[PDB]
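Working notes for the structure below.
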Amino acid sequence: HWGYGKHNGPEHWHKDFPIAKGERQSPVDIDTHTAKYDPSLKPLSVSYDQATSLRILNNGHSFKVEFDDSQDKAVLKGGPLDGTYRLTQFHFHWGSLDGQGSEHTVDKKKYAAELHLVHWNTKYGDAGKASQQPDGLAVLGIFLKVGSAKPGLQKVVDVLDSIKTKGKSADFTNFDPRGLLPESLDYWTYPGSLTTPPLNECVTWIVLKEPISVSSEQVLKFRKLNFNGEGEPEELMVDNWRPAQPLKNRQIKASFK
Ligand SMILES: NS(=O)(=O)c1c(F)c(F)c(SCCO)c(F)c1NC1CCCCCCC1
Ligand SMILES: [Zn+2]
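What follows is the structure, encoded as C-alpha cells:
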C-alpha cells in the first residue's frame, strides 16, 4: 500500500493513482511575488459556532478529527467559493524536524506542519460524491511554526497517547476548531487536489497567509505517534507530507495586497 516511505511514498503514488501526474495536483509552492491580488475575491466566511466533533483516529498516515456533517453546523463560504461547504474533518501533516512538515511552501519556505480543515460542497449531498467533482471540496490550510504554544491545540495533543498506533480511535467531543485559527483570514487560493491517494482533482485550496504558533512540546507529541500498527516494528509518524507539485497551467490568487 501507499504511504510516506522510500518504497511507497509520494514518488510511487502515480503507479496506483495515475492522477498523481495530473494538471491540478497539490500541494504547490506559493510564489508570493507571482500570486495575483484579486480584488474580486471575498472575505472568507468561517462559521464554526455549532461544530460538533465526534471522534479522533490514527489511520496509519496521520490522525483525523471527524465531525458531524449531517447538517450545516460548521461551514465555510465566501472567499473564492460559490455555495456552502460543510466541515467533515481536520488533520495535520508534520515533519521530523521543525524545518519541514508543511505541504504547501511559501517562496520555498517549509513550515513545521500544516493543518487541513476539509469541507465538502453541500450541493453534492455527501463527501464521496463531492470528491468526484472539480468544485467538490474546499480545504482550508494553515501553517504551523514552532514558538509559543497554541492553547486551542492542547486538547488534541493531550489525547494522542490514546491513539498511538494505526487503527486506534477514541471519542473526541466538544473540540472547537476556532481555537486553531490565526487572527487574519488573508489567503491564497488555487484549484488543486487531495494530497493523498486517490489524489482526486476536486479541491479549491484556501491557504492562510498567517501561520499559527505551536510549541515544541506540542509538535513533540505529534512526533510520538506511530505509522505502524501495534505489534509491528515501530516507525515514528513523521514526514507525512507530499512535496510541492508542478503548478502547470494555474494561477494562485491572493485575497490581499
Ligand atoms: N490532505 S488533504 O486535505 O488534501 C485530504 C483531503 F482533502 C481529503 F478530503 C481526504 S479524504 C479522501 C481520501 O480518502 C484526505 F484523506 C486528505 N488527506 C489525508 C492526509 C493523509 C493522512 C490520512 C488522514 C486523512 C487526510
Ligand atoms: Zn492534508
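Residue numbering for the sequence shown follows full-length UniProt numbering, starting at 4 and increasing by one per position. The beta carbon of each residue, even a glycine, is placed where N, CA and C say it ideally should be.
Near ligand 1: residue i beta-carbon under 8 Å from a heavy atom
i: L163; result: no
Three-state secondary structure (DSSP) of residue i
i: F178; result: coil
i: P194; result: strand
i: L223; result: helix
i: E14; result: helix
i: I255; result: coil
i: residue 276; result: This structure leaves residue 276 out entirely; the chain is present only between 4 and 260.
i: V159; result: helix
i: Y114; result: coil
i: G131; result: helix
i: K67; result: strand
i: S218; result: coil
i: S172; result: strand
i: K126; result: helix
i: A152; result: coil
i: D164; result: helix
i: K39; result: strand
i: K80; result: strand
i: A141; result: strand
Other residues of its chain near residue i: CB distance less than 6 Å, five sequence neighbours each side excluded
i: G182; result: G155
i: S134; result: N203 and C205
Any non-hydrogen atom of ligand 2 within 8 Å of residue i CB
i: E117; result: yes
i: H96; result: yes
i: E106; result: yes
Distance CB(residue i)-CB(residue j) smaller than 9 Å
i: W97; j: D242; result: yes
i: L44; j: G12; result: no
i: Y193; j: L211; result: no
i: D71; j: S56; result: yes
i: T198; j: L84; result: no
i: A247; j: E69; result: no
i: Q28; j: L188; result: no
i: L90; j: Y40; result: no
i: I33; j: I255; result: yes
i: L120; j: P42; result: no
i: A116; j: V217; result: yes
i: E233; j: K167; result: yes
i: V109; j: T37; result: no
i: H64; j: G6; result: yes
7 Å CB neighbourhood of residue i in its chain, flanking five on each side removed
i: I215; result: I145, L147, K153, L183 and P185
i: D174; result: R58
i: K158; result: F178
i: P30; result: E106, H107, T198, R245, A247 and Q248
i: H17; result: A23 and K24
Close-in-space but distant-in-sequence residues of the same chain around residue i (CB under 8 Å, 5 per side omitted)
i: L239; result: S99, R226, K227, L228, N229 and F230
i: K113; result: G98, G102, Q103, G104 and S105
* **Closer than 5 Å to ligand 1: residues, by C-beta to nearest heavy atom, in chain order** => That query returns the following residues: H64, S65, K67, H94, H119, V121, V142, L197, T198 and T199.
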